[PDB]
Structure formats: structure tokens, C-alpha cells
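Novice: Just one file: protein_19.cif, with mmCIF, N, CA, C and O atoms.
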data_my_file
#
loop_
_atom_site.label_atom_id
_atom_site.label_comp_id
_atom_site.auth_asym_id
_atom_site.auth_seq_id
_atom_site.Cartn_x
_atom_site.Cartn_y
_atom_site.Cartn_z
N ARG H 1 -36.07 -64.29 33.20
CA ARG H 1 -34.80 -63.62 32.94
C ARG H 1 -34.93 -62.90 31.60
O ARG H 1 -35.68 -63.33 30.72
N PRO H 2 -34.24 -61.79 31.41
CA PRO H 2 -34.40 -61.05 30.14
C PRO H 2 -33.94 -61.84 28.93
O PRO H 2 -32.92 -62.51 28.96
N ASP H 3 -34.67 -61.73 27.84
CA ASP H 3 -34.34 -62.51 26.65
C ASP H 3 -32.93 -62.25 26.13
O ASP H 3 -32.27 -63.13 25.57
N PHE H 4 -32.40 -61.04 26.29
CA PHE H 4 -31.06 -60.77 25.71
C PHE H 4 -30.00 -61.62 26.41
O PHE H 4 -28.91 -61.75 25.88
N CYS H 5 -30.27 -62.09 27.62
CA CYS H 5 -29.35 -62.91 28.38
C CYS H 5 -29.12 -64.27 27.74
O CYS H 5 -28.19 -64.97 28.11
N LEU H 6 -30.01 -64.67 26.83
CA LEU H 6 -29.92 -65.99 26.21
C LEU H 6 -29.12 -65.97 24.91
O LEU H 6 -28.84 -67.01 24.35
N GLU H 7 -28.80 -64.78 24.42
CA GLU H 7 -28.03 -64.63 23.17
C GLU H 7 -26.56 -65.01 23.35
O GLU H 7 -25.97 -64.81 24.40
N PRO H 8 -25.94 -65.56 22.31
CA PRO H 8 -24.50 -65.91 22.39
C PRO H 8 -23.71 -64.61 22.47
O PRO H 8 -24.18 -63.54 22.02
N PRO H 9 -22.51 -64.69 22.98
CA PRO H 9 -21.66 -63.50 23.07
C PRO H 9 -21.26 -63.01 21.70
O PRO H 9 -21.03 -63.77 20.76
N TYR H 10 -21.11 -61.69 21.57
CA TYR H 10 -20.81 -61.02 20.32
C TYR H 10 -19.54 -60.22 20.45
O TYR H 10 -19.51 -59.15 21.09
N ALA H 11 -18.48 -60.71 19.82
CA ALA H 11 -17.23 -59.97 19.87
C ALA H 11 -17.20 -58.77 18.93
O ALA H 11 -16.51 -57.81 19.21
N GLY H 12 -17.95 -58.84 17.85
CA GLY H 12 -17.90 -57.84 16.79
C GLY H 12 -16.65 -57.81 15.97
O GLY H 12 -15.75 -58.64 16.14
N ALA H 13 -16.57 -56.84 15.07
CA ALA H 13 -15.54 -56.81 14.08
C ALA H 13 -14.30 -56.03 14.44
O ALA H 13 -13.27 -56.13 13.75
N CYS H 14 -14.40 -55.21 15.48
CA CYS H 14 -13.27 -54.35 15.77
C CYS H 14 -12.14 -55.12 16.45
O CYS H 14 -12.32 -56.25 16.88
N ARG H 15 -10.95 -54.52 16.51
CA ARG H 15 -9.71 -55.21 16.77
C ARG H 15 -9.13 -55.05 18.16
O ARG H 15 -8.03 -55.54 18.39
N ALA H 16 -9.87 -54.39 19.03
CA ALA H 16 -9.40 -54.32 20.43
C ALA H 16 -9.55 -55.67 21.11
O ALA H 16 -10.23 -56.57 20.61
N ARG H 17 -8.97 -55.84 22.28
CA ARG H 17 -9.09 -57.03 23.10
C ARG H 17 -9.49 -56.60 24.49
O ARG H 17 -8.61 -56.29 25.29
N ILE H 18 -10.78 -56.56 24.74
CA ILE H 18 -11.36 -56.09 26.01
C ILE H 18 -12.04 -57.26 26.68
O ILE H 18 -12.90 -57.86 26.06
N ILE H 19 -11.68 -57.58 27.94
CA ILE H 19 -12.32 -58.71 28.59
C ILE H 19 -13.65 -58.27 29.15
O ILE H 19 -13.73 -57.29 29.88
N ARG H 20 -14.71 -58.98 28.79
CA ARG H 20 -16.07 -58.74 29.21
C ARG H 20 -16.70 -60.04 29.69
O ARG H 20 -16.14 -61.12 29.44
N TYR H 21 -17.85 -59.92 30.33
CA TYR H 21 -18.60 -61.05 30.78
C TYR H 21 -19.90 -61.22 30.00
O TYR H 21 -20.49 -60.23 29.59
N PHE H 22 -20.30 -62.49 29.84
CA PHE H 22 -21.63 -62.76 29.26
C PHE H 22 -22.26 -63.86 30.09
O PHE H 22 -21.56 -64.67 30.70
N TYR H 23 -23.60 -63.87 30.09
CA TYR H 23 -24.34 -64.95 30.73
C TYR H 23 -24.46 -66.12 29.77
O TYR H 23 -24.99 -65.97 28.68
N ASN H 24 -23.95 -67.27 30.23
CA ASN H 24 -24.07 -68.53 29.51
C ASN H 24 -25.30 -69.24 30.04
O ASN H 24 -25.24 -69.75 31.16
N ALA H 25 -26.36 -69.25 29.25
CA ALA H 25 -27.62 -69.70 29.83
C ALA H 25 -27.67 -71.20 29.96
O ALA H 25 -28.41 -71.74 30.79
N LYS H 26 -26.90 -71.92 29.17
CA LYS H 26 -26.83 -73.36 29.39
C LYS H 26 -26.09 -73.75 30.65
O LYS H 26 -26.47 -74.64 31.44
N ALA H 27 -24.97 -73.06 30.90
CA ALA H 27 -24.17 -73.40 32.07
C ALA H 27 -24.76 -72.78 33.33
O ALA H 27 -24.56 -73.24 34.46
N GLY H 28 -25.49 -71.68 33.16
CA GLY H 28 -26.02 -70.96 34.30
C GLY H 28 -25.01 -70.13 35.07
O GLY H 28 -25.08 -69.97 36.30
N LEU H 29 -24.04 -69.55 34.38
CA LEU H 29 -23.00 -68.76 34.96
C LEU H 29 -22.59 -67.65 34.01
O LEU H 29 -22.84 -67.81 32.81
N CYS H 30 -21.92 -66.67 34.55
CA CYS H 30 -21.28 -65.67 33.73
C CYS H 30 -19.81 -66.04 33.50
O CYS H 30 -19.08 -66.43 34.38
N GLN H 31 -19.44 -65.97 32.23
CA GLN H 31 -18.13 -66.34 31.73
C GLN H 31 -17.51 -65.16 31.02
O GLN H 31 -18.22 -64.22 30.67
N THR H 32 -16.20 -65.19 30.79
CA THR H 32 -15.53 -64.13 30.09
C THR H 32 -15.43 -64.44 28.60
O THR H 32 -15.44 -65.59 28.17
N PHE H 33 -15.33 -63.34 27.84
CA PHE H 33 -15.07 -63.38 26.42
C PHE H 33 -14.30 -62.12 26.03
O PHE H 33 -14.21 -61.19 26.80
N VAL H 34 -13.70 -62.15 24.84
CA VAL H 34 -12.94 -61.01 24.39
C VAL H 34 -13.80 -60.24 23.41
O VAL H 34 -14.20 -60.74 22.36
N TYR H 35 -14.08 -59.01 23.76
CA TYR H 35 -14.91 -58.08 22.99
C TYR H 35 -14.02 -57.16 22.19
O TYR H 35 -12.96 -56.73 22.71
N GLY H 36 -14.37 -56.88 20.93
CA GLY H 36 -13.51 -56.12 20.02
C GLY H 36 -13.60 -54.65 20.13
O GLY H 36 -12.84 -53.93 19.47
N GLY H 37 -14.52 -54.10 20.89
CA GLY H 37 -14.63 -52.67 21.13
C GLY H 37 -15.64 -51.89 20.35
O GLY H 37 -15.80 -50.70 20.57
N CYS H 38 -16.36 -52.54 19.44
CA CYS H 38 -17.49 -51.83 18.83
C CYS H 38 -18.73 -52.71 18.66
O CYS H 38 -18.63 -53.93 18.57
N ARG H 39 -19.89 -52.07 18.67
CA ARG H 39 -21.18 -52.67 18.41
C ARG H 39 -21.61 -53.73 19.42
O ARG H 39 -22.25 -54.74 19.08
N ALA H 40 -21.27 -53.46 20.68
CA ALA H 40 -21.71 -54.33 21.76
C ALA H 40 -23.20 -54.61 21.72
O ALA H 40 -24.04 -53.70 21.49
N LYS H 41 -23.53 -55.87 21.99
CA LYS H 41 -24.90 -56.26 22.29
C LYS H 41 -25.11 -56.23 23.79
O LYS H 41 -24.20 -55.88 24.55
N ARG H 42 -26.34 -56.57 24.25
CA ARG H 42 -26.62 -56.38 25.67
C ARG H 42 -26.04 -57.45 26.57
O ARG H 42 -25.86 -57.13 27.75
N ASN H 43 -25.82 -58.65 26.10
CA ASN H 43 -25.20 -59.72 26.96
C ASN H 43 -23.71 -59.51 26.98
O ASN H 43 -22.96 -60.29 26.40
N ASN H 44 -23.27 -58.43 27.61
CA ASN H 44 -21.91 -57.96 27.57
C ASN H 44 -21.78 -57.02 28.77
O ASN H 44 -22.36 -55.94 28.75
N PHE H 45 -21.08 -57.48 29.78
CA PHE H 45 -20.99 -56.77 31.06
C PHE H 45 -19.55 -56.53 31.47
O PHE H 45 -18.65 -57.30 31.11
N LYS H 46 -19.37 -55.48 32.28
CA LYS H 46 -18.03 -55.16 32.71
C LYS H 46 -17.56 -55.92 33.94
O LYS H 46 -16.36 -55.92 34.26
N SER H 47 -18.47 -56.59 34.61
CA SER H 47 -18.11 -57.37 35.81
C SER H 47 -19.03 -58.56 35.92
O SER H 47 -20.15 -58.58 35.40
N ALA H 48 -18.55 -59.59 36.62
CA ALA H 48 -19.39 -60.72 36.96
C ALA H 48 -20.62 -60.34 37.76
O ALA H 48 -21.68 -60.90 37.55
N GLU H 49 -20.41 -59.38 38.68
CA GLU H 49 -21.55 -58.97 39.49
C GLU H 49 -22.69 -58.39 38.68
O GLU H 49 -23.87 -58.69 38.88
N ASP H 50 -22.34 -57.51 37.71
CA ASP H 50 -23.38 -56.90 36.91
C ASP H 50 -24.07 -57.96 36.07
O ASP H 50 -25.29 -57.94 35.88
N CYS H 51 -23.29 -58.89 35.52
CA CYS H 51 -23.88 -59.97 34.73
C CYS H 51 -24.85 -60.80 35.54
O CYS H 51 -25.96 -61.08 35.09
N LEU H 52 -24.46 -61.21 36.74
CA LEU H 52 -25.31 -62.06 37.57
C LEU H 52 -26.54 -61.33 38.06
O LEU H 52 -27.62 -61.90 38.10
N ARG H 53 -26.38 -60.08 38.43
CA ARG H 53 -27.52 -59.29 38.85
C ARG H 53 -28.56 -59.17 37.75
O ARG H 53 -29.77 -59.23 38.02
N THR H 54 -28.08 -58.93 36.55
CA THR H 54 -29.01 -58.70 35.45
C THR H 54 -29.61 -59.97 34.91
O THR H 54 -30.81 -60.05 34.63
N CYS H 55 -28.78 -60.99 34.75
CA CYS H 55 -29.20 -62.19 34.05
C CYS H 55 -29.35 -63.45 34.89
O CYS H 55 -29.85 -64.47 34.37
N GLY H 56 -28.88 -63.48 36.11
CA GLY H 56 -28.82 -64.76 36.88
C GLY H 56 -30.15 -65.23 37.34
O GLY H 56 -30.31 -66.45 37.50
N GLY H 57 -31.06 -64.31 37.53
CA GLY H 57 -32.38 -64.55 38.03
C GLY H 57 -33.39 -65.22 37.11
O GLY H 57 -33.45 -64.80 35.95
N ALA H 58 -34.15 -66.16 37.67
CA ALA H 58 -35.17 -67.05 37.17
C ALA H 58 -35.86 -66.44 35.95
O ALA H 58 -35.94 -65.20 35.86
#
Is it possible to give me this structure as C-alpha cells?
Specialist:
Amino acid sequence: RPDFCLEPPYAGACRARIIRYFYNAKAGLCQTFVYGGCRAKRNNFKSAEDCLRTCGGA
């Protein structure tokens, strides 16, 4: 699985409240988090499907 999938979620410093998904590598699932709207990292997806497709695999 890609290494960026193992990073913790990054909300950043900006003040928006945007619901995004991240892969939780300990739980083995994609979960939601609130993203602030700037400086997204790669473990940050717009849907569960995109998260699982990218990160769910072995």
C-alpha cells in the first residue's frame, strides 16, 4: 500500500470545515475528518470509495 496512506490525517491551519476521508492504517478502514481547506496532504480523499481504492490494498 502507498506509504502516504500510513500518515495521520492533516487538518491544516485554515478555518474551513470540509468533511474528508483518510485511511486509518491501524483500523484498516477509511474514516472521516474535518479538513481546514488548505495544504492538504495525500491521505485526504473526497469519498470513501476513492480512499479504499487507493489505500485499502495490501
Novice: At what distance in Å, to one decimal, does atom O of residue H:4 lie from atom CA of residue H:23?
Specialist: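 Distance between the two atoms: 7.4 Å.
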Novice: When the PyMOL selection byres (((chain H and resi 5 and name CA) around 6) and name CA) is applied to the structure above, which residues does it catch, written out as a CSV table (one decimal) with N, CA, C and O atoms, in the frame of the given file?
Specialist:
chain,number,residue,atom,x,y,z
H,2,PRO,N,-34.2,-61.8,31.4
H,2,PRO,CA,-34.4,-61.0,30.1
H,2,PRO,C,-33.9,-61.8,28.9
H,2,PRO,O,-32.9,-62.5,29.0
H,3,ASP,N,-34.7,-61.7,27.8
H,3,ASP,CA,-34.3,-62.5,26.6
H,3,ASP,C,-32.9,-62.2,26.1
H,3,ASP,O,-32.3,-63.1,25.6
H,4,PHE,N,-32.4,-61.0,26.3
H,4,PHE,CA,-31.1,-60.8,25.7
H,4,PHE,C,-30.0,-61.6,26.4
H,4,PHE,O,-28.9,-61.8,25.9
H,6,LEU,N,-30.0,-64.7,26.8
H,6,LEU,CA,-29.9,-66.0,26.2
H,6,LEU,C,-29.1,-66.0,24.9
H,6,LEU,O,-28.8,-67.0,24.4
H,7,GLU,N,-28.8,-64.8,24.4
H,7,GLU,CA,-28.0,-64.6,23.2
H,7,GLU,C,-26.6,-65.0,23.4
H,7,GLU,O,-26.0,-64.8,24.4
H,23,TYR,N,-23.6,-63.9,30.1
H,23,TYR,CA,-24.3,-65.0,30.7
H,23,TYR,C,-24.5,-66.1,29.8
H,23,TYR,O,-25.0,-66.0,28.7
H,43,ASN,N,-25.8,-58.6,26.1
H,43,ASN,CA,-25.2,-59.7,27.0
H,43,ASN,C,-23.7,-59.5,27.0
H,43,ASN,O,-23.0,-60.3,26.4
H,55,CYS,N,-28.8,-61.0,34.8
H,55,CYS,CA,-29.2,-62.2,34.0
H,55,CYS,C,-29.4,-63.4,34.9
H,55,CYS,O,-29.8,-64.5,34.4
Novice: Which residues would end up in the selection if the PyMOL selection byres ((chain H and resi 12) around 8) were applied here, given that I need the answer as number ranges by chain?
Specialist: H: 9-11, 13-16, 34-41
Novice: Running DSSP on the backbone, which parts of chain H land in strand (DSSP E), as a PyMOL selection string?
Specialist: chain H and resi 18-24+29-35
Novice: Of the residues H:17, H:26, H:31, H:1, which is the one nearest to residue H:44, using only N, CA, C and O atoms?
Specialist: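 Using only N, CA, C and O atoms, residue H:44 sits closest to H:31.
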Novice: Report, in Å with one decimal, the straight-line distance from atom CA of residue H:58 to atom C of residue H:18.
Specialist: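 One can read the atom CA of residue H:58 to atom C of residue H:18 distance as 27.2 Å.
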Novice: Quote the spacing between atom CA of residue H:52 and atom CA of residue H:28 in Å to one decimal place.
Specialist: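 For atom CA of residue H:52 relative to atom CA of residue H:28, the distance reads 9.5 Å.
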Novice: As a list in words, please: every residue in chain H that DSSP puts in helix (DSSP H, G or I).
Specialist: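 Checking each residue of chain H, the helix (DSSP H, G or I) ones are residues 3, 4, 5, 6, 48, 49, 50, 51, 52, 53, 54 and 55 of chain H.
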Novice: Using only C-alpha atoms, which of the listed residues (H:8, H:27, H:20, H:33) sits closest to residue H:49?
Specialist: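 So, comparing all the options, the nearest one is H:20.
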Novice: So for stretch 8-11 of chain H, what box centre and size do we get, axis-aligned, 8 Å extra on each of the six sides, every listed atom, Å to one decimal, as JSON?
Specialist:
{"center_x": -21.2, "center_y": -61.9, "center_z": 21.0, "size_x": 25.4, "size_y": 24.1, "size_z": 20.1}
